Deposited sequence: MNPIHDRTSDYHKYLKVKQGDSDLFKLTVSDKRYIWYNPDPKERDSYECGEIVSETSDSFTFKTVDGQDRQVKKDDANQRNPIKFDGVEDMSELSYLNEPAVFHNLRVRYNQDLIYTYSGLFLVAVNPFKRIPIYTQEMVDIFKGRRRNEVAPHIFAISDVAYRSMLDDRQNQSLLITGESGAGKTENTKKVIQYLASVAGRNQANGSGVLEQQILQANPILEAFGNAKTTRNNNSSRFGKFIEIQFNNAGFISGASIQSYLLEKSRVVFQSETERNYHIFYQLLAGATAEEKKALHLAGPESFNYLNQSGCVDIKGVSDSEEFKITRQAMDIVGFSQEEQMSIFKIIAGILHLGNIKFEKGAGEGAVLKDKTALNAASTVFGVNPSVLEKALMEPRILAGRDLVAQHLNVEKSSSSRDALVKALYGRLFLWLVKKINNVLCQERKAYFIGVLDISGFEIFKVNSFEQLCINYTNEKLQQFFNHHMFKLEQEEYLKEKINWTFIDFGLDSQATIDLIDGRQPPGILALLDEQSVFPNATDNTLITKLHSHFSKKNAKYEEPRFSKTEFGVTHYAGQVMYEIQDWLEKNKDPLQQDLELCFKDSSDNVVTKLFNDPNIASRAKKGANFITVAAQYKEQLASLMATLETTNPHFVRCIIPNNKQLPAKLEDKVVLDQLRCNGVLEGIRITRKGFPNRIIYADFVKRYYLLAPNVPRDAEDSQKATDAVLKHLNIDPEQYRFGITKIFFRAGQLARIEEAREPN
């Protein structure tokens, strides 16, 4: 078995290679060094400065440059002992700086060791290249092993979650967050792969359908972006259900924040959702015409980015898969026709060209596109038409038709296309749950795959939402950690409420006084309100009045929020519209009556076609509240997915790119946090082992251990605070271990 077999791929690909030497001796060297910046402008850069002279206060050190400087002792980023280079859990490090953390991540990454623990977290750095560690053979090795037993790995956290479920009869959760392209979705699929293996139907029908859902969701909710060729344009919470026996009984999927806008617009080089391209590459020459299908270059919705294909991707071939998956989960052939018809029609509606000329309102000179949409949708063109350009509107009394100009007409068409697509996605999800979900379930393991904090060039309503969710998840973490401590130091014999996250949280979601969303909702009821009134109202209530808010020196359309991960500047353009998310009623009417059986559902099912009516912000707050409650009932696990750089290249781990993520994701906080206490809390039989020699008394594997522990401390004649005697482990403060290991034989 590979765990013991230094020749196995397990050893190869998952562990830091070992030689038959054990020496605390081999390790040995005669000097002591540190972490510095060869230019304080760029601080994430650092070099190792050999300390040469010491004082009492500071420390002089030699540079890579050859030069020599001086630092404060209380400003020192002390380099851990080389022995530590590559440890599996950074919680093991003596000095817990930032460069110290990055260094260990890097040393590992240079060895292709992408997974590392950091206390509670499992850190995973995208390698941007394939690493064969996800085979069934790799699966098998993880089975039933403790975290301390095997190398860091997603499979590992998954197994721990599963045994805890079974053991504690407690539900579990895995929170997988981080930047686009960090490896969130990849890792999530592995979690499910692993679960399906260790808990499914021996070689499964359900298992396959559960497996087959992703690809259905991915064709519809995934798209190529500059950051990822297969970006998830929606968030999700996957619940894997089990019976009391521990076997998979079902599953359920919750989706969030689907990027509807992408349907009608994609940035340069980007792509619209995958399905569009698959549909047009894989339908038969015969389904096309049937759908009046042509090429992407012939569609407005697909010929604007300039990108219509992905390197290493066969849209026609990926379409088989999708269609296949639909078949497995159980989509009727006719259910499938309709899904494709919708996609097609949406493709047609974008092809509609409004012209003005005539007077002031828009007009449809050519009805080619219109007709085609109507056809495939199973709707009556003149109505659609009428609904698009001349929608009836209330004047309280007056239900009267308005004649839309070209732009207004266009936006409506767009609003229509977006509704169609989001409702469709909704339906797909429901339909899948319908098949997979269990009413009757004993336990569950839930997997949250959603982005981490979003701080772009342009931050809008959607970034606020994701950011809000992130503040809550970050608060959950901190709290959790706080608790894992409160009752627990009180386990191995150790000593000794309000969140800093609350204010930010309150600023956004508070009811009284009203926070951003409430005022946003308020402004939403007045039809005649604007981005300006809105932004005016926010500044009015929070400028110089709320500490987490900032009114810009100059911009009149943005505001800043001091988030966990730092300040984020938001722009309010279109927020009223986004909050209401309007669709002309006649449009609804047009479609409520549709030949198409799938279409009817989208407009006829209040579960699909309607919000509550609550606002988009109200609904978001609500679903965020439901999600957390659930989480609150689980034993959680945190995975931090990191991109090594912004270029999608392997072998390029950029200190700035990385640290920034470490800063924003809570990895850096937790560290410094325990940093304060007693992080190093070693095992007795574990210290005397590597440290029986540095003491003229102590021998290797003995019985009276904690006593033996006393020895070296004695021989080493150490002080009452750098260390702590705790029933099981010897708690060591920071650098205690460094210095210690830093002694002679």
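Residues of the deposited sequence with no modelled C-alpha atom fall in the ranges 1, 205-208, 502-505, 622-626, 760-761.
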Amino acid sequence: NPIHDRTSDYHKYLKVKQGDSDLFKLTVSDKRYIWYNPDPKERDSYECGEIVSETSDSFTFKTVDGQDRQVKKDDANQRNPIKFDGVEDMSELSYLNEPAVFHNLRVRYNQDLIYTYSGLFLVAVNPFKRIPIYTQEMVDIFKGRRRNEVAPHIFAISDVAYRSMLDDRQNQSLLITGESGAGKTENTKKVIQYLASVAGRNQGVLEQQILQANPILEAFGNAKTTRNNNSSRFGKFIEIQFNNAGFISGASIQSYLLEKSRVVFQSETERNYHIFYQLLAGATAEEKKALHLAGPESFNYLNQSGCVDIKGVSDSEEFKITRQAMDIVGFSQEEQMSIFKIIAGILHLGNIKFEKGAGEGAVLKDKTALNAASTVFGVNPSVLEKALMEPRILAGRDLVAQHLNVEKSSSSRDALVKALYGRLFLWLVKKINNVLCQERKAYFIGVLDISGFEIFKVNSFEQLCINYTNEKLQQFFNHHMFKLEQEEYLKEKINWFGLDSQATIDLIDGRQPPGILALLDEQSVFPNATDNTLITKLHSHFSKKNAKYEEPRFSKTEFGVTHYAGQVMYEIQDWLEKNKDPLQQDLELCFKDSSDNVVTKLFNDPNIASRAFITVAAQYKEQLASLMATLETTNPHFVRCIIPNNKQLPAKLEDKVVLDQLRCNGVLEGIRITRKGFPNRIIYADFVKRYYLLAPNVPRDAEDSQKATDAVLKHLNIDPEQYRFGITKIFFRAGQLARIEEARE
From here on, numbers count along this sequence of modelled residues.
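Of the two stretches examined, 244-252 and 368-376, the record assigns the greater average C-alpha temperature factor to 368-376. Remark: stretch with higher mean C-alpha B factor among 664-672 and 633-641 is 664-672. Residue-level inspection of the entry shows that, of 117, 237, 421, 496, 496 has the top Cα B-factor. Out of 73, 408, 592, 479, it is 73 whose C-alpha atom has the highest B-factor in the PDB entry. The entry lists a Cα temperature factor for residue 16 that places it in the lowest third of the chain's modelled residues. Sorting the modelled residues of the chain by their CA temperature factor places residue 94 in the highest third. Among all modelled residues in its chain, residue 359 ranks in the highest third by Cα B-factor. Sorting the modelled residues of the chain by their CA temperature factor places residue 454 in the middle third. Ranked by Cα temperature factor within the chain, residue 316 sits in the lowest third according to the deposited record.
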